[PDB]
Amino acid sequence: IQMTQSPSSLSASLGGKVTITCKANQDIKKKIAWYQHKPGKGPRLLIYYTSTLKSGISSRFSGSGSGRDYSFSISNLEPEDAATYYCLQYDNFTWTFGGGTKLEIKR
Amino acid sequence: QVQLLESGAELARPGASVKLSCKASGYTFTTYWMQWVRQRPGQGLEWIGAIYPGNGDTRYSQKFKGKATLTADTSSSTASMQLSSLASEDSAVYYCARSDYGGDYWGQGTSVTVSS
Ligand SMILES: COCO[C@H]1C[C@H]2O[C@H]3CC=CCO[C@@H]3[C@@H](O)[C@@H]2O[C@@H]1CC(=O)O
């Protein structure tokens, strides 16, 4: 299963909302998760099964989608949100990461 | 309380092999999958494979079949990944991780450098 993420990078100001998308090469039955990878930290699971927020994760993170098309959003951007985000499909007992999206903050 | 303790850095010559390990602590090692992921310099995360210690089942990224071999030792709660016939492109940071609806824990990551 192939995953294509978009955009590859973006720059946004604090307080705003950003949205990233991911497209699979086949129906992955909403079995998609989103990870945040901050430099110096290990990857962190934020959302799974398309829209389910991982316990302990801020509600500023959300997801939506179905079939082959999915979206992930970060509302009220904070400085600590600067990182690379990845979608991850986990259907058919396999894992496939999207190419990643580097999010940079502006001030 | 939960942690995945990853093994140290490695240096190997072309054609050689190395075996990385990850010891789990804080959760039932035999009822969850453990993943192995690669990240080459300046590149994104890549899935290598997964193993379910409870029964030994393994799943591999087609790209890594023939390169990576996953095993597990339930008595020591340790999962291992062997990289065979090492080459330049294998130089990267490798992570072990238990990541699912019930918990998200990653090893600190370890480097494998392949050079003559
Ligand atoms: C590839 O490993 C084996 O398949 C399992 C992968 C697991 O990925 C998790 C990723 C992220 C969030 C939440 O849980 C996912 C989990 O459901 C998934 O389970 C796979 C095995 C199975 O479907 O039972």
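Proteins come first, then strands; the chains are lettered A, B, ... in the order of their sequence lines, and each starts at number 1.
Panel note: side chain B:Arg59, backbone A:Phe93; a donor-acceptor pair is recorded below 3.5 Å.
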Step by step, would you call A:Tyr35 with B:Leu45 a side-chain contact (heavy atoms from CB on, under 4.5 Å)? CA-CA 10 Å; A:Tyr35 289 76; B:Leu45 300 174; 5.7 Å; no
After noting the C-alpha distance and the side-chain angles of B:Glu46 and A:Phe97, does the key distance pass the side-chain contact (heavy atoms from CB on, under 4.5 Å) rule? CA-CA 6 Å; B:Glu46 298 176 280; A:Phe97 286 99; 5.9 Å; no
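The structure places CZ of A:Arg44 at 11.0 Å from OG of B:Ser99, a figure rounded to the nearest 0.5 Å. Here the CD atom belonging to B:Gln39 is positioned 8.0 Å from the OG1 atom belonging to A:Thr84, to the nearest 0.5 angstrom. Rounded to the nearest 0.5 angstrom, A:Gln89 CD and B:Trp47 CH2 are separated by 8.5 Å.
In the hydrophobic clustering of ILVMFWY residues, with side-chain heavy atoms under 4.5 Å counting as a link, B:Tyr52 and B:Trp106 come out apart. A:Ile74 and A:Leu14 fall within the same hydrophobic cluster, where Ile, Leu, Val, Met, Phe, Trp and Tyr residues are linked whenever their side-chain heavy atoms come under 4.5 Å apart, directly or through other members. Placement of A:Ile20 and A:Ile47 within a single hydrophobic cluster is found when ILVMFWY residues are connected by side-chain heavy-atom separations under 4.5 Å, directly or transitively. Hydrophobic clustering (ILVMFWY, side-chain heavy atoms < 4.5 Å, transitive): B:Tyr60 and B:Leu83 are in one cluster. The cluster map of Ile, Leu, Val, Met, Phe, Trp and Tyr, joined by side-chain heavy atoms under 4.5 Å apart, puts B:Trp36 and A:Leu88 in different clusters.
Nearest heavy atoms, A:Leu45 versus B:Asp100: CD2-O, 3.7 Å.
Only the side chain of B:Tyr95 has a heavy atom closer than 4.5 Å to any heavy atom of chain A.
Your options are A:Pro43, A:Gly100, A:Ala33, A:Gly42, and the one with the most heavy-atom pairs under 4.5 Å with chain B is A:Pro43. Counting heavy-atom pairs under 4.5 Å between each of A:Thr96, A:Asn92, A:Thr52 and chain B puts A:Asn92 at the top. Between chain B and the options A:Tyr86, A:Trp95, A:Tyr48, A:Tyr90, the largest number of non-hydrogen pairs under 4.5 Å is found for A:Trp95.
Few gaps surround NZ on A:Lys31; more than 12 heavy atoms of other groups in view lie less than 6.0 Å from it.
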